[PDB]
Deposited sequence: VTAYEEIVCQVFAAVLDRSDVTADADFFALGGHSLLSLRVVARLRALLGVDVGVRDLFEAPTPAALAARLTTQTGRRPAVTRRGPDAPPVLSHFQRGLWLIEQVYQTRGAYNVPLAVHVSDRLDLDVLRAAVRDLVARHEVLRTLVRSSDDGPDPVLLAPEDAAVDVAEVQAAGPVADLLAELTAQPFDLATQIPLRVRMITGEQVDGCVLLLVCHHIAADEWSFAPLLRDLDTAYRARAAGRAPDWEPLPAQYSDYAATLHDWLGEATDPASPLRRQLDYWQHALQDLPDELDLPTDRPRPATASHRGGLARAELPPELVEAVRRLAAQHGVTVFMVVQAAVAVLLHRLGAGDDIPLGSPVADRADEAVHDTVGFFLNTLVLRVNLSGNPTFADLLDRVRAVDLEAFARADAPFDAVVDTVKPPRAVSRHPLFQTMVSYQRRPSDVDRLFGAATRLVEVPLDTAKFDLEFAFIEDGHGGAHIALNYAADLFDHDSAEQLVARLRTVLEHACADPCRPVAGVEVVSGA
(Lines of atoms letter the chains of each structure in order from A and count residues from 1; the text may use other names and numbers.)
(Lines give C-alpha, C1' and ligand atoms only; values in the text may rest on other atoms or scores of the structure.)
Protein backbone atom coordinates (compact mmCIF):
# COMPACT_ATOMS: atom_id res chain seq x y z
CA UNK A 1 0.00 0.00 0.00
CA UNK A 2 1.58 3.27 -1.18
CA UNK A 3 -0.86 5.31 0.95
CA UNK A 4 1.22 4.75 4.10
CA UNK A 5 4.28 6.13 2.29
CA UNK A 6 2.38 9.24 1.14
CA UNK A 7 1.17 10.05 4.66
CA UNK A 8 4.66 9.63 6.16
CA UNK A 9 5.98 11.96 3.45
CA UNK A 10 3.13 14.38 4.21
CA UNK A 11 3.93 14.36 7.94
CA UNK A 12 7.70 14.68 7.34
CA UNK A 13 7.03 17.65 5.06
CA UNK A 14 4.77 19.45 7.54
CA UNK A 15 6.98 18.83 10.59
CA UNK A 16 10.20 19.74 8.77
CA UNK A 17 8.60 22.62 6.83
CA UNK A 18 10.11 21.17 3.66
CA UNK A 19 8.62 20.56 0.22
CA UNK A 20 11.42 18.30 -1.10
CA UNK A 21 10.64 15.12 0.86
CA UNK A 22 11.10 11.94 -1.18
CA UNK A 23 10.53 8.34 -0.16
CA UNK A 24 14.23 7.64 0.52
CA UNK A 25 15.15 10.88 2.30
CA UNK A 26 16.50 10.40 5.82
CA UNK A 27 14.52 12.29 8.47
CA UNK A 28 17.63 13.42 10.38
CA UNK A 29 19.66 14.26 7.27
CA UNK A 30 16.72 16.50 6.31
CA UNK A 31 16.99 18.49 9.55
CA UNK A 32 15.07 16.24 11.91
CA UNK A 33 16.08 15.74 15.54
CA UNK A 34 14.61 14.31 18.74
CA UNK A 35 12.23 17.22 19.38
CA UNK A 36 10.60 16.98 15.95
CA UNK A 37 10.53 13.17 16.12
CA UNK A 38 7.90 13.61 18.84
CA UNK A 39 5.72 15.52 16.36
CA UNK A 40 6.16 12.94 13.59
CA UNK A 41 5.11 10.12 15.93
CA UNK A 42 2.10 12.00 17.33
CA UNK A 43 0.84 12.98 13.87
CA UNK A 44 1.31 9.45 12.46
CA UNK A 45 -0.58 7.97 15.42
CA UNK A 46 -3.38 10.47 14.80
CA UNK A 47 -3.61 9.89 11.04
CA UNK A 48 -2.91 6.15 10.81
CA UNK A 49 -4.51 5.04 14.09
CA UNK A 50 -1.70 2.59 14.82
CA UNK A 51 0.89 2.45 17.60
CA UNK A 52 3.87 4.36 16.21
CA UNK A 53 6.94 5.05 18.34
CA UNK A 54 10.26 6.87 18.28
CA UNK A 55 11.96 3.48 17.92
CA UNK A 56 10.25 3.02 14.54
CA UNK A 57 11.42 6.40 13.23
CA UNK A 58 14.96 5.86 14.54
CA UNK A 59 15.24 2.41 12.98
CA UNK A 60 13.37 3.39 9.78
CA UNK A 61 14.18 7.07 9.11
CA UNK A 62 12.96 7.25 5.50
CA UNK A 63 9.29 7.41 4.43
CA UNK A 64 9.63 4.17 2.43
CA UNK A 65 11.32 2.32 5.30
CA UNK A 66 8.96 3.64 7.99
CA UNK A 67 5.84 2.86 5.94
CA UNK A 68 7.11 -0.69 5.41
CA UNK A 69 7.75 -0.99 9.15
CA UNK A 70 4.36 0.27 10.35
CA UNK A 71 2.78 -2.31 8.03
CA UNK A 72 5.04 -5.29 8.81
CA UNK A 73 5.45 -10.92 6.66
CA UNK A 74 8.81 -12.13 5.37
CA UNK A 75 11.15 -10.15 3.16
CA UNK A 76 11.49 -11.12 -0.49
CA UNK A 77 14.51 -13.35 -1.10
CA UNK A 78 16.14 -14.47 -4.34
CA UNK A 79 15.52 -18.16 -4.97
CA UNK A 80 18.63 -18.63 -7.12
CA UNK A 81 19.40 -20.24 -10.47
CA UNK A 82 16.85 -22.59 -12.08
CA UNK A 83 14.17 -21.74 -9.55
CA UNK A 84 10.97 -22.34 -11.55
CA UNK A 85 8.71 -19.41 -12.48
CA UNK A 86 5.79 -18.59 -10.20
CA UNK A 87 2.63 -16.91 -11.49
CA UNK A 88 1.34 -14.55 -8.81
CA UNK A 89 -2.31 -14.51 -7.77
CA UNK A 90 -2.54 -10.97 -9.15
CA UNK A 91 -1.34 -12.20 -12.54
CA UNK A 92 -3.87 -15.05 -12.25
CA UNK A 93 -6.74 -12.57 -11.89
CA UNK A 94 -5.63 -10.57 -14.94
CA UNK A 95 -5.33 -13.68 -17.11
CA UNK A 96 -8.80 -14.65 -15.89
CA UNK A 97 -10.79 -11.43 -16.46
CA UNK A 98 -9.42 -11.62 -19.99
CA UNK A 99 -10.27 -15.31 -20.53
CA UNK A 100 -13.69 -15.16 -18.87
CA UNK A 101 -15.00 -11.71 -19.83
CA UNK A 102 -13.11 -11.52 -23.16
CA UNK A 103 -11.69 -8.04 -22.71
CA UNK A 104 -9.84 -7.95 -26.07
CA UNK A 105 -6.86 -5.61 -25.56
CA UNK A 106 -8.41 -3.52 -22.79
CA UNK A 107 -5.79 -4.69 -20.27
CA UNK A 108 -2.87 -3.63 -22.44
CA UNK A 109 -0.97 -0.78 -20.79
CA UNK A 110 0.78 1.78 -23.03
CA UNK A 111 3.91 3.81 -22.37
CA UNK A 112 4.53 6.43 -25.06
CA UNK A 113 7.51 8.78 -25.28
CA UNK A 114 7.97 11.48 -27.90
CA UNK A 115 11.65 11.63 -28.91
CA UNK A 116 13.22 14.57 -30.74
CA UNK A 117 15.42 12.11 -32.65
CA UNK A 118 14.37 9.18 -34.74
CA UNK A 119 15.88 6.23 -32.92
CA UNK A 120 18.03 3.55 -34.53
CA UNK A 121 15.82 0.49 -34.98
CA UNK A 122 18.65 -2.04 -34.72
CA UNK A 123 20.02 -0.40 -31.56
CA UNK A 124 16.50 -0.22 -30.09
CA UNK A 125 15.97 -3.92 -30.83
CA UNK A 126 19.23 -4.78 -29.06
CA UNK A 127 18.22 -2.63 -26.07
CA UNK A 128 14.78 -4.28 -25.82
CA UNK A 129 16.54 -7.66 -25.84
CA UNK A 130 18.72 -6.50 -22.94
CA UNK A 131 15.63 -5.19 -21.12
CA UNK A 132 13.87 -8.55 -21.50
CA UNK A 133 17.01 -10.44 -20.47
CA UNK A 134 17.07 -8.37 -17.25
CA UNK A 135 13.39 -8.78 -16.24
CA UNK A 136 12.17 -12.38 -16.32
CA UNK A 137 8.55 -11.20 -16.07
CA UNK A 138 8.95 -9.61 -19.53
CA UNK A 139 9.78 -13.02 -21.08
CA UNK A 140 7.38 -15.24 -19.11
CA UNK A 141 4.60 -16.74 -21.22
CA UNK A 142 1.30 -17.83 -19.70
CA UNK A 143 -0.20 -21.07 -21.00
CA UNK A 144 -3.60 -22.59 -20.32
CA UNK A 145 -3.79 -25.99 -18.66
CA UNK A 146 -6.78 -27.77 -17.14
CA UNK A 147 -5.59 -26.72 -13.69
CA UNK A 148 -5.36 -23.01 -14.47
CA UNK A 149 -2.65 -20.96 -16.17
CA UNK A 150 1.02 -22.05 -16.06
CA UNK A 151 4.00 -19.70 -16.48
CA UNK A 152 6.69 -20.57 -19.01
CA UNK A 153 9.96 -18.68 -18.59
CA UNK A 154 11.82 -18.25 -21.86
CA UNK A 155 15.60 -18.13 -21.85
CA UNK A 156 16.90 -14.76 -23.13
CA UNK A 157 18.12 -16.38 -26.36
CA UNK A 158 14.66 -17.90 -26.94
CA UNK A 159 12.70 -14.69 -26.29
CA UNK A 160 11.76 -13.32 -29.72
CA UNK A 161 11.28 -9.59 -29.14
CA UNK A 162 8.78 -7.68 -31.29
CA UNK A 163 10.23 -4.28 -32.23
CA UNK A 164 9.03 -2.50 -35.36
CA UNK A 165 8.70 0.86 -37.08
CA UNK A 166 5.24 2.17 -37.99
CA UNK A 167 4.65 5.07 -40.38
CA UNK A 168 1.88 7.36 -39.14
CA UNK A 169 -0.87 7.93 -41.70
CA UNK A 170 -3.20 10.20 -39.72
CA UNK A 171 -3.39 11.68 -36.22
CA UNK A 172 -0.69 10.03 -34.14
CA UNK A 173 -2.75 9.91 -30.93
CA UNK A 174 -5.38 7.74 -32.63
CA UNK A 175 -2.66 5.44 -33.98
CA UNK A 176 -1.15 5.02 -30.51
CA UNK A 177 -4.58 3.97 -29.23
CA UNK A 178 -5.02 1.45 -32.06
CA UNK A 179 -1.54 -0.04 -31.54
CA UNK A 180 -2.18 -0.26 -27.79
CA UNK A 181 -5.46 -2.15 -28.31
CA UNK A 182 -4.00 -5.05 -30.37
CA UNK A 183 -4.35 -8.18 -28.20
CA UNK A 184 -1.51 -10.40 -27.02
CA UNK A 185 -1.44 -14.19 -27.29
CA UNK A 186 0.35 -14.79 -24.01
CA UNK A 187 0.79 -18.51 -24.70
CA UNK A 188 3.17 -17.78 -27.59
CA UNK A 189 4.20 -14.09 -27.33
CA UNK A 190 6.16 -12.29 -24.63
CA UNK A 191 3.98 -9.62 -22.97
CA UNK A 192 5.99 -6.67 -24.33
CA UNK A 193 5.73 -5.04 -27.75
CA UNK A 194 7.66 -2.00 -29.00
CA UNK A 195 6.73 0.37 -31.84
CA UNK A 196 8.61 3.42 -33.12
CA UNK A 197 6.16 5.77 -34.84
CA UNK A 198 7.54 7.99 -37.61
CA UNK A 199 5.92 10.07 -40.32
CA UNK A 200 5.71 13.39 -42.11
CA UNK A 201 3.76 15.03 -39.26
CA UNK A 202 6.04 13.54 -36.58
CA UNK A 203 9.14 15.48 -35.56
CA UNK A 204 11.58 12.76 -34.52
CA UNK A 205 9.65 9.67 -33.46
CA UNK A 206 7.15 8.45 -30.90
CA UNK A 207 8.41 5.42 -28.98
CA UNK A 208 5.52 3.23 -27.84
CA UNK A 209 5.89 0.38 -25.37
CA UNK A 210 2.82 -1.84 -25.10
CA UNK A 211 2.89 -4.18 -22.13
CA UNK A 212 0.27 -6.64 -21.13
CA UNK A 213 -0.83 -5.79 -17.58
CA UNK A 214 0.28 -9.27 -16.47
CA UNK A 215 3.85 -7.94 -16.70
CA UNK A 216 3.55 -4.28 -15.65
CA UNK A 217 1.62 -1.79 -13.52
CA UNK A 218 1.90 1.98 -13.87
CA UNK A 219 4.65 2.08 -11.26
CA UNK A 220 6.74 0.09 -13.79
CA UNK A 221 7.02 3.09 -16.12
CA UNK A 222 9.97 4.57 -14.23
CA UNK A 223 12.20 1.43 -14.19
CA UNK A 224 11.16 0.53 -17.75
CA UNK A 225 12.28 3.89 -19.12
CA UNK A 226 15.35 3.92 -16.86
CA UNK A 227 16.56 0.48 -17.97
CA UNK A 228 15.65 0.95 -21.63
CA UNK A 229 17.59 4.24 -21.62
CA UNK A 230 20.64 2.53 -20.12
CA UNK A 231 20.54 -0.35 -22.61
CA UNK A 232 19.94 1.95 -25.60
CA UNK A 233 22.85 4.25 -24.73
CA UNK A 234 25.18 1.28 -24.20
CA UNK A 235 24.18 -0.53 -27.40
CA UNK A 236 24.54 2.70 -29.40
CA UNK A 237 28.13 2.83 -28.07
CA UNK A 238 28.66 -0.80 -29.12
CA UNK A 239 28.48 -2.60 -25.78
CA UNK A 240 26.18 -4.42 -23.37
CA UNK A 241 24.68 -2.36 -20.53
CA UNK A 242 26.70 -2.31 -17.31
CA UNK A 243 24.07 -3.00 -14.65
CA UNK A 244 23.87 -4.74 -11.29
CA UNK A 245 21.63 -7.81 -10.99
CA UNK A 246 18.11 -7.23 -9.74
CA UNK A 247 17.57 -7.71 -5.99
CA UNK A 248 14.67 -9.99 -6.97
CA UNK A 249 12.78 -11.30 -9.97
CA UNK A 250 8.97 -11.20 -10.03
CA UNK A 251 8.84 -14.96 -9.34
CA UNK A 252 10.82 -14.34 -6.15
CA UNK A 253 8.14 -11.86 -5.09
CA UNK A 254 5.29 -14.18 -6.07
CA UNK A 255 6.80 -17.14 -4.21
CA UNK A 256 7.18 -15.08 -1.03
CA UNK A 257 3.66 -13.63 -1.26
CA UNK A 258 2.03 -17.03 -1.77
CA UNK A 259 4.02 -18.70 1.02
CA UNK A 260 3.00 -15.90 3.40
CA UNK A 261 -0.64 -15.92 2.22
CA UNK A 262 -1.17 -19.69 3.11
CA UNK A 263 -4.30 -21.53 2.23
CA UNK A 264 -7.96 -20.55 2.46
CA UNK A 265 -8.72 -23.76 4.37
CA UNK A 266 -6.30 -22.79 7.17
CA UNK A 267 -8.35 -20.54 9.52
CA UNK A 268 -5.20 -18.81 10.82
CA UNK A 269 -3.72 -18.02 7.39
CA UNK A 270 -3.71 -14.35 6.34
CA UNK A 271 -5.75 -15.28 3.26
CA UNK A 272 -8.70 -16.76 5.18
CA UNK A 273 -8.50 -13.97 7.75
CA UNK A 274 -8.57 -11.24 5.10
CA UNK A 275 -11.26 -13.10 3.13
CA UNK A 276 -13.46 -13.21 6.25
CA UNK A 277 -13.12 -9.45 6.68
CA UNK A 278 -14.12 -8.83 3.06
CA UNK A 279 -17.09 -11.20 3.25
CA UNK A 280 -18.43 -9.16 6.18
CA UNK A 281 -17.51 -5.72 4.81
CA UNK A 282 -19.20 -6.33 1.44
CA UNK A 283 -22.49 -7.69 2.82
CA UNK A 284 -25.65 -6.77 0.91
CA UNK A 285 -23.70 -4.93 -1.78
CA UNK A 286 -25.61 -3.36 -4.69
CA UNK A 287 -25.34 -5.40 -7.87
CA UNK A 288 -24.69 -2.07 -9.62
CA UNK A 289 -25.29 1.62 -9.11
CA UNK A 290 -27.98 3.75 -10.71
CA UNK A 291 -25.75 5.84 -13.00
CA UNK A 292 -26.96 8.44 -15.56
CA UNK A 293 -26.00 6.55 -18.70
CA UNK A 294 -26.91 7.36 -22.29
CA UNK A 295 -27.77 3.69 -22.93
CA UNK A 296 -28.85 0.84 -20.63
CA UNK A 297 -26.42 -1.99 -19.92
CA UNK A 298 -26.26 -4.33 -22.95
CA UNK A 299 -26.44 -8.10 -22.66
CA UNK A 300 -22.93 -8.32 -24.12
CA UNK A 301 -19.96 -6.08 -23.29
CA UNK A 302 -17.93 -4.75 -26.22
CA UNK A 303 -15.18 -3.20 -24.02
CA UNK A 304 -14.99 -0.29 -26.41
CA UNK A 305 -14.23 2.96 -24.66
CA UNK A 306 -13.01 6.50 -24.89
CA UNK A 307 -10.99 8.82 -22.72
CA UNK A 308 -12.16 12.25 -21.56
CA UNK A 309 -9.68 14.52 -19.80
CA UNK A 310 -10.24 17.43 -17.42
CA UNK A 311 -7.21 19.69 -17.09
CA UNK A 312 -6.56 21.03 -13.61
CA UNK A 313 -5.15 24.53 -13.06
CA UNK A 314 -1.95 24.49 -10.96
CA UNK A 315 -3.81 26.51 -8.33
CA UNK A 316 -6.43 23.77 -7.96
CA UNK A 317 -3.78 21.03 -7.73
CA UNK A 318 -2.17 22.88 -4.81
CA UNK A 319 -5.55 23.49 -3.18
CA UNK A 320 -6.22 19.74 -3.40
CA UNK A 321 -2.82 18.97 -1.84
CA UNK A 322 -3.44 21.62 0.83
CA UNK A 323 -6.88 20.18 1.56
CA UNK A 324 -5.35 16.70 1.88
CA UNK A 325 -2.59 17.81 4.25
CA UNK A 326 -4.99 19.83 6.32
CA UNK A 327 -7.42 16.99 6.83
CA UNK A 328 -4.70 14.34 7.13
CA UNK A 329 -5.66 12.28 4.08
CA UNK A 330 -3.99 11.45 0.80
CA UNK A 331 -4.80 13.15 -2.49
CA UNK A 332 -6.36 9.84 -3.57
CA UNK A 333 -8.78 9.97 -0.62
CA UNK A 334 -9.91 13.48 -1.63
CA UNK A 335 -10.47 12.34 -5.23
CA UNK A 336 -12.26 9.22 -3.97
CA UNK A 337 -14.57 11.33 -1.81
CA UNK A 338 -15.23 13.68 -4.74
CA UNK A 339 -16.21 10.76 -7.01
CA UNK A 340 -18.54 9.43 -4.32
CA UNK A 341 -20.18 12.87 -4.06
CA UNK A 342 -20.53 13.09 -7.84
CA UNK A 343 -22.20 9.68 -8.18
CA UNK A 344 -24.35 10.42 -5.12
CA UNK A 345 -25.60 13.71 -6.55
CA UNK A 346 -26.43 11.91 -9.80
CA UNK A 347 -28.80 9.57 -7.96
CA UNK A 348 -26.65 6.54 -7.09
CA UNK A 349 -27.74 6.62 -3.44
CA UNK A 350 -25.84 6.54 -0.16
CA UNK A 351 -23.96 3.22 -0.54
CA UNK A 352 -21.14 3.79 -3.06
CA UNK A 353 -18.73 0.89 -3.77
CA UNK A 354 -15.65 2.14 -5.62
CA UNK A 355 -12.92 -0.15 -6.87
CA UNK A 356 -9.31 0.96 -6.51
CA UNK A 357 -5.92 -0.64 -7.23
CA UNK A 358 -3.46 -0.92 -4.35
CA UNK A 359 0.27 -1.43 -4.93
CA UNK A 360 2.09 -4.15 -2.97
CA UNK A 361 5.54 -2.59 -3.39
CA UNK A 362 6.64 -1.87 0.20
CA UNK A 363 9.47 -4.45 0.12
CA UNK A 364 12.70 -2.74 -0.94
CA UNK A 365 13.47 -5.58 -3.37
CA UNK A 366 10.39 -4.69 -5.49
CA UNK A 367 9.75 -1.05 -4.54
CA UNK A 368 11.21 0.19 -7.85
CA UNK A 369 11.16 -2.85 -10.17
CA UNK A 370 9.16 -4.00 -13.20
CA UNK A 371 6.01 -6.02 -12.70
CA UNK A 372 2.34 -6.04 -11.79
CA UNK A 373 1.91 -5.45 -8.06
CA UNK A 374 -1.67 -4.13 -7.98
CA UNK A 375 -4.38 -5.82 -6.02
CA UNK A 376 -7.91 -4.47 -6.44
CA UNK A 377 -9.97 -3.44 -3.40
CA UNK A 378 -13.63 -2.45 -3.00
CA UNK A 379 -13.76 0.81 -1.02
CA UNK A 380 -17.36 1.08 0.20
CA UNK A 381 -18.19 4.65 1.27
CA UNK A 382 -21.45 5.63 2.96
CA UNK A 383 -22.93 9.10 2.39
CA UNK A 384 -26.03 8.88 4.59
CA UNK A 385 -26.77 11.69 7.04
CA UNK A 386 -26.02 14.83 4.97
CA UNK A 387 -22.30 14.91 5.86
CA UNK A 388 -20.10 17.83 4.99
CA UNK A 389 -17.11 17.20 2.76
CA UNK A 390 -14.82 17.36 5.80
CA UNK A 391 -17.02 14.69 7.40
CA UNK A 392 -16.78 12.55 4.26
CA UNK A 393 -12.98 12.75 4.35
CA UNK A 394 -12.95 11.28 7.87
CA UNK A 395 -15.34 8.55 6.70
CA UNK A 396 -13.24 7.76 3.63
CA UNK A 397 -10.05 7.65 5.72
CA UNK A 398 -11.55 5.10 8.10
CA UNK A 399 -12.93 2.95 5.28
CA UNK A 400 -9.61 3.00 3.42
CA UNK A 401 -7.38 2.24 6.42
CA UNK A 402 -9.54 -0.77 7.32
CA UNK A 403 -9.31 -1.99 3.72
CA UNK A 404 -5.56 -1.32 3.44
CA UNK A 405 -4.92 -3.59 6.44
CA UNK A 406 -6.48 -6.38 4.36
CA UNK A 407 -5.05 -5.77 0.88
CA UNK A 408 -3.31 -9.11 0.24
CA UNK A 409 -6.41 -11.27 -0.32
CA UNK A 410 -6.49 -11.48 -4.15
CA UNK A 411 -9.52 -9.77 -5.64
CA UNK A 412 -10.55 -12.92 -7.52
CA UNK A 413 -10.71 -14.78 -4.20
CA UNK A 414 -12.80 -11.92 -2.77
CA UNK A 415 -15.32 -12.14 -5.65
CA UNK A 416 -15.50 -15.91 -5.16
CA UNK A 417 -16.09 -15.50 -1.42
CA UNK A 418 -18.70 -12.74 -1.76
CA UNK A 419 -20.50 -14.69 -4.56
CA UNK A 420 -22.19 -11.85 -6.48
CA UNK A 421 -24.62 -12.55 -9.32
CA UNK A 422 -22.50 -12.72 -12.46
CA UNK A 423 -23.12 -11.15 -15.85
CA UNK A 424 -20.64 -10.94 -18.71
CA UNK A 425 -21.49 -7.26 -19.28
CA UNK A 426 -21.03 -6.11 -15.66
CA UNK A 427 -17.82 -6.20 -13.64
CA UNK A 428 -18.52 -7.83 -10.25
CA UNK A 429 -18.77 -5.83 -6.99
CA UNK A 430 -17.90 -2.47 -8.58
CA UNK A 431 -18.22 -0.79 -11.96
CA UNK A 432 -16.54 2.55 -11.18
CA UNK A 433 -12.81 2.60 -10.38
CA UNK A 434 -10.84 5.51 -8.92
CA UNK A 435 -7.06 5.75 -8.73
CA UNK A 436 -4.20 8.16 -8.23
CA UNK A 437 -1.17 7.86 -10.51
CA UNK A 438 2.10 9.78 -10.79
CA UNK A 439 4.21 9.71 -13.94
CA UNK A 440 8.02 9.42 -13.78
CA UNK A 441 10.14 12.50 -13.19
CA UNK A 442 13.39 13.31 -15.01
CA UNK A 443 12.46 11.51 -18.24
CA UNK A 444 13.02 14.62 -20.32
CA UNK A 445 16.46 13.60 -21.71
CA UNK A 446 16.30 9.91 -22.54
CA UNK A 447 18.23 8.21 -25.36
CA UNK A 448 20.52 11.23 -25.69
CA UNK A 449 17.65 13.34 -27.06
CA UNK A 450 14.82 15.57 -25.83
CA UNK A 451 11.90 13.47 -24.61
CA UNK A 452 8.48 13.76 -23.02
CA UNK A 453 5.68 11.37 -22.15
CA UNK A 454 2.50 11.45 -24.21
CA UNK A 455 -0.81 10.12 -22.94
CA UNK A 456 -2.76 7.68 -25.09
CA UNK A 457 -6.52 8.09 -25.74
CA UNK A 458 -7.60 4.49 -25.10
CA UNK A 459 -10.03 2.81 -27.53
CA UNK A 460 -11.08 0.32 -24.82
CA UNK A 461 -12.60 0.39 -21.33
CA UNK A 462 -12.44 -2.05 -18.43
CA UNK A 463 -15.48 -1.02 -16.36
CA UNK A 464 -18.39 1.39 -16.66
CA UNK A 465 -16.26 4.32 -15.43
CA UNK A 466 -12.59 4.65 -14.44
CA UNK A 467 -11.43 7.96 -12.93
CA UNK A 468 -7.70 8.62 -12.54
CA UNK A 469 -6.07 11.66 -10.96
CA UNK A 470 -2.78 11.71 -12.87
CA UNK A 471 0.19 13.85 -11.88
CA UNK A 472 2.63 14.36 -14.75
CA UNK A 473 5.94 14.27 -12.79
CA UNK A 474 6.60 18.02 -13.18
CA UNK A 475 3.96 19.79 -11.11
CA UNK A 476 0.92 19.40 -13.35
CA UNK A 477 -2.11 17.14 -13.09
CA UNK A 478 -5.27 16.16 -14.91
CA UNK A 479 -8.26 13.89 -14.38
CA UNK A 480 -8.71 11.08 -16.91
CA UNK A 481 -12.04 9.30 -17.34
CA UNK A 482 -11.92 5.97 -19.19
CA UNK A 483 -15.61 5.25 -19.89
CA UNK A 484 -17.52 2.36 -21.45
CA UNK A 485 -18.74 3.45 -24.90
CA UNK A 486 -21.67 1.01 -24.56
CA UNK A 487 -23.05 3.22 -21.77
CA UNK A 488 -21.84 6.78 -22.39
CA UNK A 489 -21.41 9.18 -25.27
CA UNK A 490 -18.12 11.08 -25.33
CA UNK A 491 -19.81 14.42 -24.64
CA UNK A 492 -21.49 12.93 -21.55
CA UNK A 493 -18.07 11.76 -20.37
CA UNK A 494 -16.62 15.24 -20.87
CA UNK A 495 -19.47 16.64 -18.76
CA UNK A 496 -18.92 14.02 -16.03
CA UNK A 497 -15.21 14.70 -15.66
CA UNK A 498 -15.84 18.47 -15.67
CA UNK A 499 -18.38 17.91 -12.89
CA UNK A 500 -15.77 16.00 -10.90
CA UNK A 501 -13.48 19.03 -11.19
CA UNK A 502 -16.35 21.23 -9.97
CA UNK A 503 -16.85 18.98 -6.92
CA UNK A 504 -13.13 19.27 -6.13
CA UNK A 505 -13.25 23.04 -6.59
CA UNK A 506 -16.25 23.38 -4.28
CA UNK A 507 -14.61 21.08 -1.74
CA UNK A 508 -11.41 23.15 -1.52
CA UNK A 509 -13.38 26.40 -1.34
CA UNK A 510 -15.47 25.31 1.66
CA UNK A 511 -15.11 21.75 3.02
CA UNK A 512 -17.79 22.53 5.65
CA UNK A 513 -20.66 22.75 3.17
CA UNK A 514 -22.98 19.72 3.02
CA UNK A 515 -22.45 17.07 0.36
What are the unmodelled segments when the structure is compared with the full deposited sequence, in sequence order? 73-76, 520-528
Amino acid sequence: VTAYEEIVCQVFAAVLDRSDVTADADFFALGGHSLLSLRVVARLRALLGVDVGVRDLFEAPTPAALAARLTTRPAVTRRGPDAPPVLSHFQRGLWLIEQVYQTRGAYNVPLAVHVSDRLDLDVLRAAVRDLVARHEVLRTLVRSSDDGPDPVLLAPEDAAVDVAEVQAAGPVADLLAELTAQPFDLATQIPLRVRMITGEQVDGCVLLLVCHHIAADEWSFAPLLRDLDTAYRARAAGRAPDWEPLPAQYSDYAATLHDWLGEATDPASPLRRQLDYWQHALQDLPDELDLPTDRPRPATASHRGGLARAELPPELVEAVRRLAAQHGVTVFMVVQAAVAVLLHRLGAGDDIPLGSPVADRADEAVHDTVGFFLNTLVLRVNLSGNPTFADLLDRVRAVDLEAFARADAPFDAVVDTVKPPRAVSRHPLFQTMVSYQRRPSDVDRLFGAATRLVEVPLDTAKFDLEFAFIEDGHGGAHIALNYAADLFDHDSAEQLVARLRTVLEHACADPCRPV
From here on, numbers count along this sequence of modelled residues.
Average Cα temperature factor in the PDB entry - higher stretch of 457-465, 48-56: 48-56
The stretch carrying the higher mean Cα B factor in the deposited entry, 146-154 or 172-180, is 146-154
Highest Cα B-factor in the PDB entry belongs to which of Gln431, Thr230, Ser425, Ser356? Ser425
Among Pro286, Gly306, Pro191, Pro296, where is the Cα temperature factor highest, going by the PDB entry? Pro286
Comparing against every modelled residue in the chain, figure out the third that the C-alpha B-factor of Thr71 lands in (lowest, middle or highest). highest
Taking the chain's C-alpha temperature factors as the reference, tell me which third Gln201 falls into: lowest, middle or highest. highest
Should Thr140 be placed in the lowest, middle or highest third of its chain by the C-alpha B factor in the entry? middle
Lowest, middle or highest third: which one holds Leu16 when the chain's residues are ordered by CA B-factor from the entry? highest
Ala493's Cα B-factor: lowest, middle or highest third of the chain? lowest
